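For reference, the structure discussed in these notes is given below.
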Amino acid sequence: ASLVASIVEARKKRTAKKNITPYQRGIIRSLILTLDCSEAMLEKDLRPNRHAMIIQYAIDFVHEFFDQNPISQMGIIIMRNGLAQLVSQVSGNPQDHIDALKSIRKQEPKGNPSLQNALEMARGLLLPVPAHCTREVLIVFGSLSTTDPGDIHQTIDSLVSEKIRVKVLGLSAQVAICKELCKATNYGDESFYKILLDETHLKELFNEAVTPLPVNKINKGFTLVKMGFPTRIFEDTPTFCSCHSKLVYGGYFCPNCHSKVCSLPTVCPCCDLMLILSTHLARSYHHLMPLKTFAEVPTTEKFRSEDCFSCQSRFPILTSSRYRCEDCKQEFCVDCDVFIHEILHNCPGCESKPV
Amino acid sequence: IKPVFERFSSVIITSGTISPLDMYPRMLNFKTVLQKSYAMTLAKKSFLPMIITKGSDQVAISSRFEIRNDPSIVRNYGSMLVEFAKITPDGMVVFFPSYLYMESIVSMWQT
Amino acid sequence: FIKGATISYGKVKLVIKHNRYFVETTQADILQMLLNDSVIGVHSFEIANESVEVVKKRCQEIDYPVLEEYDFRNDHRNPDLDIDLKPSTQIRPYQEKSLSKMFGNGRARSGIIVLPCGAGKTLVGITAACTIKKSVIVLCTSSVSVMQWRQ
Ligand SMILES: [Zn+2]
Ligand SMILES: [Zn+2]
Ligand SMILES: [Zn+2]
Ligand SMILES: [Zn+2]
């Protein structure tokens, strides 16, 4: 009954994932990572520490976000001891955020939360943010209480006016205030306020949270952006960079002012334009067109092939692990189907199928 | 309620946690043509009742009017109070049989 | 080895009828095997009460072991010492198991318990006395330790 339970749990997961839709999602993103050094995360119920796995899993999320969404920029606000602090603003450089993260790892967490203060300076940080740059904040919380210098509802309405969507990730259980926050922040949706159950589910929550979010019609931002690629030149001399003014062997040229910069994806510092490459924009085409799930055929029918169409391994008999792409009508094994849906972004069976 | 009975035929009686039913036609000289009870056909249980007869120290607990001022059992009770105070997300209520006894225990607790 | 480790349990029983060791048996069936041994001197008889210590060894080689499992509640003659404890004391589960060792039947099985130092062995003995509830005395070859366990 183990395979039957696995099949019915996969059916529940498939019922959750039936809504495969090509929604327009948040691409030009601006993120704020609200963190807390409070005394609640000192508890050794988590091994070695709540703050410990917060540190490593935050580093992992930084890497995953800079990979999956390179063109976006993310900031870090730290809560500690009655007043929140800023350690990393929004940047295309993950190195600064990583150095701040390991500085927080070196230091000790202690304090008590002021979520109104955190939200207020987060509002100040997202204040000079362009309209196409979507404003989103991630929230972690290890407690059940927060004192604040003033009322929170004016802040709530003001941030709703600032057109923001926010996910909140609590530690213990659901809190009505945070539920209301995600509700009003996310147009009545309360799927944005989720609580973990263990570290595996926690990491799964991170892996979900790296992904972009679909956007609505009513908050329409249909416009154009003035983009331009730089030209990398492998130069023969140590040369000054525009930003840090240090001598570099080679690098890029600005498409307009011909200045050089250390890294991509970054804006120009001089004529002030976003300079990316084709990798950054190609990174989300699998968002732009998704990959619909593959038809797991039953063992009752006769099959076109009894071995895998892709990895070329023989199919088993009690259950039929022959998973057929509807866009290609070729059955594949569970291993290849899971790997293609998690990594790959084209069906070789559909490459075989002529159109 | 007797003039209510002889004044109105369609006298219909309901409540939430009236269990059992039989002593109410005893305490009130009446009868019903029919009476039963209803329990919900809920999907999964979301109210969680359990009976605690002992603290984490495994000490028997009671609120009798004689042993109400027993400081060891008081300390056990406040250990429970501490442990729900650490974990309460939104709201939590405690009742006692007698308000004087509440004021006594809360007075010495604050003390 | 286990099969040969089968004894005449419940078959020999010494009772102290007010400082008088009456060595009963549960049946006259035990008496026929016992009379084969002649070191000595339902059915009891005269034994030198100091010689009981040696004839317990003797019955260990002749494999009919006596048991000591006190029916204090059925011994109404000895005055009970009904003394309890406070609820603030906490018995650890190994102490609870130790209390279950001589109380598999509720009759006070006599034996040996050795525990590590500082394990509240005094408290375990106090609990054992408070559940035995009869006249009882405490012995130890010292003075300062004895008065401090009195304390
Ligand atoms: Zn530079
Ligand atoms: Zn430029
Ligand atoms: Zn395969
Ligand atoms: Zn296909």
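Numbering starts at 1 and runs along the chain as displayed.
Placement of Cβ uses the backbone N, Cα and C atoms for every residue, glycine included.
Feature annotations, courtesy of Swiss-Prot:
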BINDING   C:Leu115, C:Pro116, C:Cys117, C:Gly118, C:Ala119, C:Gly120, C:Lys121, C:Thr122  ATP binding site
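Long-range C-beta contacts of C:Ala119 (ATP binding site), restricted to its own chain and to partners at least six residues apart, with a cutoff below 8 Å, comprise C:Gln95. The Cβ of C:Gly120 (ATP binding site) lies under 8 Å from the Cβ of C:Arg92, C:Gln95, each of these being in the same chain and 6 or more residues away along the sequence. In the three-state DSSP scheme, C:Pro116 (ATP binding site) falls into the coil class. Counted over every protein chain shown, other Cβ atoms within 10 Å are most numerous around C:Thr122 among the binding-site residues C:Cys117, C:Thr122. Spatially close to C:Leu115 (ATP binding site) yet at least six residues away along the chain are C:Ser98, C:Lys121, C:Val124, judged by Cβ distances under 8 angstroms.
In three-state terms derived from DSSP, C:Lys121 (ATP binding site) belongs to a helical segment.
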